[PDB]
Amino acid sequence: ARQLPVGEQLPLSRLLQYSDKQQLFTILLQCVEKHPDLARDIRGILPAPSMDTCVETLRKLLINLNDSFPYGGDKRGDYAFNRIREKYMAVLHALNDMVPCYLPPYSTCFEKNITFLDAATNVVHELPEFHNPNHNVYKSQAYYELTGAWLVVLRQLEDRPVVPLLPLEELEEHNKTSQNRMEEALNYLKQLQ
C-alpha cells in the first residue's frame, strides 16, 4: 500500500541556519576542544589572510576605538577609558596574534617580516595616552614587546653575510615617536652596519 512518514527531529544543517556567524564561530571552537585533531583539518582548507588584509584589520580596529570615545568628554580621563578598554584591548589582541606570524622561526622572509613590523609599530604610535598613569602601561608594554620583535628579526640577518640595506631611517622615526623606548633595537639595527 503506502509508506507513511515517520516523524523525527530536524536535520543538523536546518538547525544551524538559525545560528549566526558568532554563534557558529563560537560553537565551532568548542568542537576543536573536544577533538583537537580538527585544528589540522581546518588549517588546511582555509588560507591565511594577505599581509594587506591583516594590516587593513588593525586599521578598522583602532578606527573603531578612535570613534568610541565619550560623546565629548576628556578623552584622557578614566571615564573615557572605561568605554574604550574594550575596543582598546581588541587592537592589542590582534597585535599579539598577527606579530608572531611574521617572526624568525615561522617566517624567514626578512624583507617581508620587517615590512610588517613597520606597519604594526605605526599602529601602536596611534594608541591613546591617558591622564592616569595606570592606563598607559599598555602602550608602554607594546613598545617594549615590539622592540623585542624587531630584535628577533634583525637577528635572522646576523651570520648570513652580506648585510642588505637596513631600515635605518624607519627605526629613527619610530623611536622618535615612541619617545626613545625602542633604543635596544635601533642600536642593534645600526650596529648591523
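Residues carry their position along the shown sequence, with the first being 1.
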Q: Taking the mean of the C-alpha B-factors per stretch from the entry, tell me the winner out of 47-55 and 159-167.
A: 159-167
(Q) Can you tell me whether 141-149 has a higher mean C-alpha B factor than 65-73 in this record, or the other way round? (A) 65-73
**Q.** Peak C-alpha temperature factor (PDB record), options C109, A119, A80, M89
**A.** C109
Q: Going by the recorded CA B-factors, say which third of the chain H131 sits in, lowest, middle or highest.
A: lowest
Q. Within this chain, which third does the Cα B-factor at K60 fall in: lowest, middle or highest?
A. middle
Q | Within-chain third of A39 by Cα B-factor, per the entry | A | highest
